[PDB]
Amino acid sequence: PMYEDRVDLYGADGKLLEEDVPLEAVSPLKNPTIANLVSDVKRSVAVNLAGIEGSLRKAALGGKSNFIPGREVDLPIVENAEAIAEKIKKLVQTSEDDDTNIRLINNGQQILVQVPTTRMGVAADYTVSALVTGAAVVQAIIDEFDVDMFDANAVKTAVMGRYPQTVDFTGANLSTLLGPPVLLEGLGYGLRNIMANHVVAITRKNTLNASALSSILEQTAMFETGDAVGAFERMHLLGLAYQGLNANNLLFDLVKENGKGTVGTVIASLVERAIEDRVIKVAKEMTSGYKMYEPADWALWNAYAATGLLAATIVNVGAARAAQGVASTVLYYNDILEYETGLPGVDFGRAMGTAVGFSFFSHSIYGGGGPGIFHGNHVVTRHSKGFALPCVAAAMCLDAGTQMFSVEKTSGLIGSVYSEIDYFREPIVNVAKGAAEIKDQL
Amino acid sequence: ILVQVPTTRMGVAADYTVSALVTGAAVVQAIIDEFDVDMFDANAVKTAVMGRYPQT
Amino acid sequence: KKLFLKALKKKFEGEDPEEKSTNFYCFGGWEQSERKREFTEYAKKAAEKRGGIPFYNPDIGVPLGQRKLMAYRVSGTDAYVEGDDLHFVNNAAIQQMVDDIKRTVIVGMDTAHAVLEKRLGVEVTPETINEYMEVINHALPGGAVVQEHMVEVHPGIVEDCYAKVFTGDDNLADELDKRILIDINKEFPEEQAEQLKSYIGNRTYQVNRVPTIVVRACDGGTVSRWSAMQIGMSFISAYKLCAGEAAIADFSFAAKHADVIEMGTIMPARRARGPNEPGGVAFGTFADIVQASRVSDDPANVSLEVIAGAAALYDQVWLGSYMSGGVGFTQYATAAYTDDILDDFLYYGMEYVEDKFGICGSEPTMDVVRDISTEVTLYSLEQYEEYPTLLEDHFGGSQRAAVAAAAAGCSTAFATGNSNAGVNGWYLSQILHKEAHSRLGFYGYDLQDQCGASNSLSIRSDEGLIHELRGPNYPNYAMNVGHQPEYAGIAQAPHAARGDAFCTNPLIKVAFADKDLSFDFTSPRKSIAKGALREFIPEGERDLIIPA
Amino acid sequence: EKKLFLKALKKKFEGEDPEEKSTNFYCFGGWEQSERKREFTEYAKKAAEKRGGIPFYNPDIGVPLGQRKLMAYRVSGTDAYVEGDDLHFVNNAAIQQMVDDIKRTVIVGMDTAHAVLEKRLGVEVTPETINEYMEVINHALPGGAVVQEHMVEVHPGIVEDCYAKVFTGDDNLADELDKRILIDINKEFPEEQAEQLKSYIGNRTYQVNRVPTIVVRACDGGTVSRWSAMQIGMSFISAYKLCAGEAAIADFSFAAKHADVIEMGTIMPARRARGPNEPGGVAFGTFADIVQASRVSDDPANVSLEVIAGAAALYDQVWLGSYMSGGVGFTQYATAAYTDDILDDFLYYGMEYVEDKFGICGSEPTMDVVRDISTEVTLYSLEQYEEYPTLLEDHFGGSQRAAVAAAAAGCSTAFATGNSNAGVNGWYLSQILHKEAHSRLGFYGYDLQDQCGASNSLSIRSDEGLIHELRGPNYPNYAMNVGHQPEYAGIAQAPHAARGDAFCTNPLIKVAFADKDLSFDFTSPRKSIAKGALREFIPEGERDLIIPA
Amino acid sequence: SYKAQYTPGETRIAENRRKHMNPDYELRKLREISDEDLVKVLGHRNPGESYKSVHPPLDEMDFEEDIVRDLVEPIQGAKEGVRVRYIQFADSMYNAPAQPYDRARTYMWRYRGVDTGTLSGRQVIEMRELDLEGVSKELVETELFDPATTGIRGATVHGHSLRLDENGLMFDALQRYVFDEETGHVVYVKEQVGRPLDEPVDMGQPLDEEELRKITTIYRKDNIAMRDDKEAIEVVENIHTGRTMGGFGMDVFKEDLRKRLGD
Ligand code: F43
Ligand code: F43
Ligand SMILES: C[C@@H](OP(=O)(O)O)[C@H](NC(=O)CCCCCCS)C(=O)O
Ligand SMILES: O=S(=O)(O)CCS
Ligand SMILES: O=S(=O)(O)CCS
Ligand code: NA
């Protein structure tokens, strides 16, 4: 292969999945599970039929506390969800043999619509899924009940919200994991737009699968932004493999041996492991006896450091079962690590800097919110190139109910709509199976 | 140069900006490596390729 | 009697309003006008300040005033003013109308109160809400409440800054300090009060008006932030919290995102603006901001008051400055609120509807839209044909097309109760007008009218949208004068005919039912007139911090 | 004195020894110790009738201000000592007019319009026709009508600050243009700077349009290039006697709004949405070119300090303190960088250290040189706070101290090396050294950009690498926090001031503000801000002429 | 095996920092405070009151299997669902015995389930209240606390950078503590947000100036200057340089680039 690195892939239960795997087998550019996961995130649309119906019944149209008296339309949409879904299927598909998927959820109150890849292939960006799904839902409803021409625009408004007066689907009754590109902070940030509470809901609160899904999306986004190009590619792959996918069981063993420990003891365990594995070495011993270290392999040191970072998050937030401590943990893990060793911390300071602002904007009057609402497209937590947000996913799995903006409050139907998708819910085991499929092709 | 980015990169990206971003990153590194541009001049090569991003 | 005749008779004194001929070139040019003379005189007095840079000069370009330069009656008033007094730069009332909208945000209080009780174990009572409202009325205008060695904003320049609370819960309303209460039962007629409360429920909201000077120095995007910062400080102080702990971030997210109601939404990049700017105000949002609905049960009067405010907002300020600038678009807008001309046409249409269908007496059908729009358009055209002075008044085709179609569209909405049937009627009126006079408006006037019939009842992507929620960013509407103000009237019309308390949002409607606003939103006509007369005292001037 | 700030400390603390570690508190009568607080309280009571019962400012609500001494501040480089409240942007008309003068300015090339006239319309352009055009636009730009009958117009008395001027790199053409409307490069700039500007501008001509202050107060910054372009079009139609609406007119429009326009600031992403010509879109080097200290001083520390003073008002007080937050805001986060000559002392120390050890512009940028200068200037700055208790009680918030020490370190590094990114790398060294010395740095979220800073200072990646002059408030790391952007504008200026360059990023911007007819004095933002603090500054755009006496 | 280093530096200040961070270094107790008086100064509850929950007992949240979650032992306050509460200190820059980042690093080495915020003017820990009270006792009884230069305060914290008052106490705009001139002790009369105490809490005698110079973790020229700790500076510069190199990437990742270029 291109790189010489090989790793063992271990599951979230700390047991070996795949032995002696070339690093590139988990590259977003090669792994077939990652490709399918990204395709599904882009093409999937949640249709809230119960919300469309109730919006229409009250003329509760176009967002928070809007009502248009006199424009109510009373239709039995949920009772006819099966017929409406069959119509949506006919309108969205490109052929009977394609990969269009329509699934009713929650007694027909919601639909998961997965738009065929043929439509994505001839579209410029991923908004096509929402747009095509919205058009099919509007026409399916109008046709199902023969909605008259003067009422039809209310159906349109119930489905897509205030668009096009708003730049997006404000107050709509459909949603996607990715928001429209007009709201992106950075070019190429589409995959970073999923709030941590949604990640937790998709993985049903399982700590390491949440942090894995976050790492997969973040690092795949780093390929999209051009950050994981050339000189930097190996750093991002090693980051994914170690911090996201529990390579060589390092993440799991660090937590296990520090289950009654602190952020400091996790640092000591990680530095010791890095010395044994010859990832770092002593550069100079100072007058006091202090040993200043240097990396022997900079991308691999960063990966070891990032793995200790996630382990420290799990130990310290796991001890509190309160997610607020996550920003502080990310901050002082890096701070202590640097002054313990003389080495650069995770992402060469950017994970620590991200945590400084994240701390401030989760404890102050100025903006932000609780940890669960942050994501890689948020101005506060965009700065680390994939190494910080997996900690927030892990932290919110471990919160036992201390948040006002909890998973239930922000993400209440996200589990029922998306978590039955195996690669979403259980990314580690399925990425490992993908790695096994291609390991001999690299 | 006309650069056509591989469909594999488009397939795991959310939108079409990947092609410009990846191409910009590749051009910047190719130039810095070709001439061993020093660390204090390198950000000017970046600015020459991609403009005022990300202030714009 | 035709409602515009009184104005024509004063505007064309000494002349028969029906006579086709007159004399021109006999007025002395610009010297016929008090205002033009004043302007020229100030231009000369400016010479020293400008140090030689040329300036306003009536001898540059067009020799204005070869015809008689008109005065305008502000409709529904007895104020007669030159057109220049209605230019938004020259009219402090128009500027304060916009500033009062830009500087208002509404924030739900129930989430913050849940954070206090559920997360912080702190009890919320009427007494603690009252104490909080007292604190935010010191903090919101720029007073310090926690830190030592704070500098503060001069209270003398922010006396227009304040916060009030309202609630759908009558039991709580009876317990809140009335100095800071917007009382729904006192501001609204009984039936409207009852309707508002059924939609608002047992929910509580604060209405924050940040200082006028702040939105003038900065922008509309400042407002939700400024409100949220001081809401946070006021919870910390009033409830005696640790001044910087995790729960505080929940108040922030609630006040800037989860529980905030802004007046306007953001623009796409080509016409980029933050929230609470005019392009982001939906037509139904503006109709709810205007307060004529709660003091008048005349649906024509209510719609006409909305159109007057919206002409100032959308045509004069938004399109005429934000999106263009210069001499701008005063008379494109004044045609819809002066000389009682639009009034005559709309009262004709309302009376035709009352007689043939009844107000709210028809379901929306194409037959009804065609009947009403055609009849009111013909009547409107005939008025310009019978009165040469009327046609010399609304001298620009765009003016005429907007006013005839406004009467046609509102009347159609009066009959059918459906805003999109109204705007379909507006599009019929435009193409009939065009075919009658073999002209319509300016070069690019009917872009949206030729696309309009097809998009009025469309259900597609960027075409379909219920009319109340369309606004200046609806794509067909994003460029041209002589439509947006009247569309606000069409959004109001079916709701005024029904007697609804609001068009789109009961929180917006209550949030402007407040005597302590600076601009009088119960009658935008009367306030604009007071500005035209130089009798309106705006907010935000800087006299206290600059030399005498 | 031994230190540039000692004169101010001794006056601010009523003769107290700046070196004494002890004092007395709780003995000032609280807010009543302050003339300004007493004024505010009395106005609040007089407001009772207008507010009709709504509570208002009340010094008995919340914190009892003034348990310590409430300080006055010397505006650095002036003799003005004012209470902090007089520097709040809401209270200070000079600060507001600085922002408005920037927001209301746009630059438009004329060569394309002139090519449309000659090449598409067969019309000759001469100095005489340009002069007549400039006379027309000075009637049209403030709201005077030029083509249509029955136009209403803007009251000229409200918009006497609105005007248009022209500049050109073509000396032969400049000699033929009307002096009344010419920005004359050879008169405004020292000879060497004039020659440099003209070498970059070439034989091109530009008009500078300043739309009325009342327009940007009533509307926003996005209005400005549009307003300019509308009246540019009207003035070509009128001055060149064109058909008043024909195909070629759209070419003037596209040139004036897109192809040939220079705006002050660029648009924001959706989270912080704003149109052009708002403060977040003004790059640091753009702002250093707006400030005109460079053309009246050859002292590079002085030039950098004047830029920092103006940028502290723009970015920390107005942009971060109101546009992005609001309330009492961020006056003293900003004033720490332009009062009491404190930053001056640190930066003059660093420049002299550089002069002695390296020479100004005496070194190529190397990590050795950045580490040497930033460390030495940071240590010196910290030692000042340790040596003078009244200094530390003045810059009482860590963020203030961190920003001022790092600013001296970063500008001094730029003085030695001529490289702005070496400067900002030095700024980041200074921050983490500061943190390890005092076991504290700034506010809760102060050092987000400083911990990311070393890695992104010389980065070449996507949203990381960018030459420092072109960074601004929307550079992602910088998008949120006080105590950095104003000082970054100084670091952007510093290598160009040390080189004696006429500009940092754009010669058109630099010439466009070399104009005595601006309302704010951009040759010394310190002086002008002081005049506003004294309530001696007369701003533009007030509405007295249209409101009752 | 691995012997932790904690922080670089050759001066007494550096060793003091290391002593704070080292969990095996026993912090000297300088005073005692009763459980009741600590609870009173914290100000969140009255002693004897049941601890108040924010969520049900932890074992009702853990019905499904999460092997990694169960690797971590929850602190006793998390087990019981106790609400999160706080203590916050301002530390005088005139050689207070603990200082803000010193505290953060100490807490993250010594204590479990910490949320800690560092600012120039105050330093906060938010923790499950049950466990907060044990931690707080150590933070007020030991050499991390001096009642003259370490102020307990949740709001209106100004004073870390101010001159000391004429009795040698740090400024406090709310005067939560006062100097008792009859005894020389510092006495808290308010709790940490500033509500009056029914019964004042004696915090004992201020440390003398010389003891503070010996045990403080701040560098000051008139005690031990940062400039004299050449070792500490060398490591700070090394961290900065390494971060610069990693961000630039092209040199430290040269062999990774070479593999990507096929060379
Ligand atoms: C140069 C243009 C082309 C263009 O892009 N805009 C113009 C001029 C522009 C200028 C004129 C100011 C001035 O004279 O200096 C302004 C005020 C916009 C600005 N830059 O501030 C304006 N028009 Ni026009 N413009 C108007 C209108 C119109 C009507 C005027 C018809 C008539 O019979 O007089 C016609 C379009 C039409 O035929 O339908 C028109 C054309 C034109 N309009 C022709 C000039 C026509 C001529 O040579 O006389 N406007 C109107 O129909 C009424 C409102 C009026 C606007 C000012 C106001 O609202 O107060 C003004 C709106
Ligand atoms: C409530 C917060 C948390 C938050 O999100 N912002 C606050 C308060 C906010 C308020 C304080 C206004 C008021 O008192 O009503 C304002 C003015 C912003 C606003 N809403 O207008 C502000 N801070 Ni704060 N804030 C400041 C600062 C600081 C310094 C003060 C340290 C000290 O020793 O006094 C500390 C952070 C730190 O420790 O580094 C600080 C914290 C805090 N800051 C703590 C309150 C601290 C306390 O209880 O005393 N600010 C500063 O370090 C100086 C500039 C000063 C800002 C006002 C100005 O720039 O003029 C103000 C900027
Ligand atoms: C973070 C973000 O806030 P939100 O999380 O989007 O609410 C952003 N505010 C800020 O960056 C506030 C910056 C100014 C106040 C803090 C200065 S240290 C904004 O309003 O767009
Ligand atoms: O003449 S145009 O119709 O182009 C513009 C009229 S304001
Ligand atoms: O207290 S915080 O640091 O969060 C903000 C200071 S203005
Ligand atoms: Na020393």
Side-chain angles (χ1 to χ4, degrees), chain C residues 96 99 103 133-145 149-164 179-180 208-217 226 230 233-234 237 516-518 537-548, chain D residues 28-66 70 72 82-96 322 326-329 331 532-539 542-544 547-549:
Chain C
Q96 192 64 53
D99 290 344
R103 79 193 178 90
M133 291 305 300
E134 177 164 10
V135 172
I136 193 166
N137 274 295
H138 162 95
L140 191 68
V145 300
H149 213 284
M150 291 299 91
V151 312
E152 299 168 300
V153 174
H154 189 328
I157 59 190
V158 296
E159 304 184 4
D160 59 306
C161 178
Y162 65 94
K164 284 184 183 174
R179 295 178 311 162
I180 46 84
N208 290 345
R209 307 215 209 270
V210 311
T212 293
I213 190 161
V214 166
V215 299
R216 293 187 71 80
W226 184 295
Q230 301 310 268
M233 293 312 310
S234 294
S237 177
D516 286 320
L517 284 151
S518 169
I537 306 167
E539 302 303 333
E541 288 297 278
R542 291 174 292 179
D543 17 82
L544 293 175
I545 64 173
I546 72 199
Chain D
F28 304 102
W31 61 269
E32 305 204 73
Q33 70 179 278
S34 163
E35 192 181 57
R36 194 58 69 235
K37 297 308 186 189
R38 296 196 306 268
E39 180 192 32
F40 286 2
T41 302
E42 280 314 287
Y43 271 96
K45 295 181 172 177
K46 281 192 292 203
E49 184 185 301
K50 175 178 165 59
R51 292 180 71 83
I54 309 167
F56 198 29
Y57 177 91
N58 180 348
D60 295 328
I61 294 285
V63 58
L65 292 174
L70 299 180
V82 303
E83 305 208 47
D85 310 80
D86 297 344
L87 297 171
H88 196 289
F89 87 92
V90 175
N91 298 338
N92 186 312
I95 289 176
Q96 290 175 47
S322 183
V328 167
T331 305
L534 297 171
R535 300 178 178 174
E536 288 169 351
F537 186 100
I538 302 165
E542 290 298 277
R543 294 177 290 178
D544 65 276
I547 65 199

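We name chains A, B, ... by the order of the sequence lines, and we start the count at 1 in each one. Excluded from the calculations below are hydrogen atoms, water molecules and symmetry mates; all remaining heavy atoms, backbone and side chain alike, are included.
- Using a cut-off of 4.0 Å between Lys/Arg side-chain N and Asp/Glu carboxylate O, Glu542(D) and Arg216(C) are scored as not salt-bridged.
- Here the NE2 atom belonging to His138(C) is positioned 7.0 Å from the CD1 atom belonging to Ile61(D), to the nearest 0.5 angstrom.
- In terms of the side chain to side chain donor-acceptor pair (under 3.5 Å) criterion, residue partners of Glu539(C) (sequence neighbours excluded) are, by chain and number, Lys50(D).
- Contact record, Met150(C) with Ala144(C): CB-CB, 3.5 Å, taken as the closest heavy-atom pair.
- Aromatic ring centroids of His154(C) and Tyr43(D) lie under 6.0 Å apart.
- For the pair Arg179(C)/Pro55(D), a side-chain contact is recorded, criterion being any heavy-atom separation below 4.5 Å from C-beta on.
- In plain terms, the two heavy atoms of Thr41(D) and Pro59(D) that are nearest each other are OG1-CG, 3.6 Å.
- With respect to the salt-bridge test (charged N to carboxylate O, under 4.0 angstrom), the residues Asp160(C) and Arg103(C) qualify.
- For the atom pair CH2 of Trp31(D) and CG of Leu70(D), the computed distance is 12.0 Å after rounding to the nearest 0.5 Å.
- Checked by atom type and distance alone, the side chain of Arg542(C) never pairs as donor or acceptor with a backbone atom of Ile546(C) at under 3.5 Å.
- Counting only heavy atoms from C-beta outward, the side chains of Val210(C) and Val215(C) approach each other to under 4.5 Å.
- Side-chain N or O atoms of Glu42(D) include none that pairs as donor or acceptor with a backbone N or O of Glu39(D) at under 3.5 Å.
- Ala533(D) and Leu87(D) make their closest contact through CB-CD2, 3.7 Å (heavy atoms, listed as atom of the first residue, atom of the second, distance).
- Separation of atoms CZ (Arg51(D)) and SG (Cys161(C)) is listed at 7.0 Å; rounding is to 0.5 Å.
- Note that CD of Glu159(C) and OG1 of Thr212(C) are 12.0 Å apart. Values are rounded to the nearest 0.5 Å.
- When side chains are defined from C-beta on, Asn92(D) does not count as touching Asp86(D), because their heavy atoms never get closer than 4.5 Å.
- Residues satisfying the side-chain contact (heavy atoms from CB on, under 4.5 Å) criterion with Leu517(C), sequence neighbours excluded, are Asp100(C), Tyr162(C), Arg209(C), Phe512(C), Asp514(C), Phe521(C).
- Looking at heavy atoms from C-beta onward, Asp516(C) lies in side-chain contact with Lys164(C) at the 4.5 angstrom threshold.
- Of all heavy-atom pairs between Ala93(D) and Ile545(C), the closest is N-CD1, 3.9 Å.
- Residues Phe56(D) and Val158(C) form a side-chain contact, since some pair of their non-hydrogen atoms from C-beta on lies under 4.5 Å apart.
- In this structure, the separation between NE2 on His88(D) and CD on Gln96(D) is 10.0 Å, given to the nearest 0.5 Å.
- Contact annotation: the side chain of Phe89(D) never approaches that of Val153(C) to less than 4.5 Å [non-hydrogen atoms, C-beta and beyond].
- With contacts defined as side-chain heavy-atom distances shorter than 4.5 Å, the pair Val214(C)/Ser322(D) qualifies.
- Residues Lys37(D) and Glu32(D) form no side-chain contact, since every pair of their non-hydrogen atoms from C-beta on lies 4.5 Å or further apart.
- With hydrogens and angles ignored, the 3.5 Å screen pairs a side-chain donor or acceptor of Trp226(C) with a backbone N or O of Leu140(C).
- Summarising the geometry, atom OG belonging to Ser234(C) is positioned 8.5 Å from atom CG belonging to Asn208(C); distances are rounded to the nearest 0.5 Å.
- Judged by distance alone, with hydrogens and angles left aside, the side-chain atoms of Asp85(D) form a donor-acceptor pair with the main-chain N or O of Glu152(C) at under 3.5 Å.
- Side chain of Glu536(D) to backbone of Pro547(C): no donor-acceptor contact under 3.5 angstrom is found.
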